[PDB]
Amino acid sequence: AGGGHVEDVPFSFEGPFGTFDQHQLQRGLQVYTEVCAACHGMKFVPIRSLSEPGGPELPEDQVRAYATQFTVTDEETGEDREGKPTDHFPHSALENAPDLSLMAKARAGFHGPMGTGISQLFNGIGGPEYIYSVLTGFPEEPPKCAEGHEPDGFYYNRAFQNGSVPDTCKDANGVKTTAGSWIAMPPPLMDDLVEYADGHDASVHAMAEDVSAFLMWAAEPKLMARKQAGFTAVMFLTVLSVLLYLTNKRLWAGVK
C-alpha cells in the first residue's frame, strides 16, 4: 500500500481558531444515520454526546428520541430494550465495515514529501479530507486497464490505496498503474439521497463534506476545548515568559 492524493477541503474546524459548524455536524449526523449506519458503527461514541456542547448540540429530548431507534441489550436485565442516550452507537452491522468512531484520526490524507513530514505540518494529518476523497472518488467507469477485469464485490476508488488491483493494471515490475485501487465499499452516496430539513444542498460533494465533518467531531469531540486550552496556556506563557525575561535581564545587570 501507500499514500495518495486527497482533495484539500477547507473545513471550518481547521486552523488554530478553527471551530465546528453546528449545522454541518447535524447534517452529517443525518447522513451517518440514514446512509453509513447501515453498515458502519461508532462503538466508542456515546449517543448522549449529541447534546454535549461543542458538537451537533441537539436538545436532550431529541437525543432521547434518537437513541430509541437502536435495539440495545440491557446490561443488568439481559433482555432487549429501546436505546438510551447513555448507550453507545452500535457496532458495525457489516462485519468488514470498519468502525467510524475514530476514522477521521485513523487515516492520514497528507504525506511526504520525502517522508519529512512537512506536508502534515502545514496541512494537518488529513483524515476528514481522506474520507471525503473516498466518498467522492468513485468514478462511473473504471480505468481502461481493467475494462472487464474488476474483482467481483470490489469497486474502483481513486483515493483508496489498500485495495487489490488486477494484473492488467500493473507495470512490468508489478507496480500499479491506477491512481487508486479496489475497495469493498460500493458507492454509498448519490445526489439528494438525504433530504435536509433546512434545505441545505445534498450533492455527493455536500454530503461528503458534511459527513466528513461530523465524523471529525465523532473522533475528536473535545477539539474546541483543546484549542481554548491551547490559546489560554499560550497567552499565559507569553506573559509569563516576558516577566521572567525582564527578571532575568534585570538580575544579571549586577554581574556583567
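For every residue, the number given is its place in the sequence shown, counted from 1.
In this entry, 46-54 shows the higher mean Cα temperature factor of the pair 213-221 and 46-54.
Stretches compared: 5-13, 232-240. Higher mean C-alpha B-factor in the entry: 5-13.
Within the listed group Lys227, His40, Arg64, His200, the record reports its top CA B-factor for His200. Per the PDB entry, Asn173 shows the highest C-alpha temperature factor of the residues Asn173, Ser92, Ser133, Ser101. In the PDB entry, a CA B factor belonging to the highest third of its chain's modelled residues is recorded for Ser164. When the modelled residues of the chain are ordered by C-alpha B-factor, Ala106 sits in the lowest third.
In this PDB entry, the Cα temperature factor of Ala97 sits in the bottom third of its chain's modelled residues, the lowest group. In the deposited entry, the Cα temperature factor of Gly153 places it in the middle third of its chain's modelled residues. Remark: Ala179 belongs to the middle third of its chain, ranked by C-alpha B-factor as recorded.
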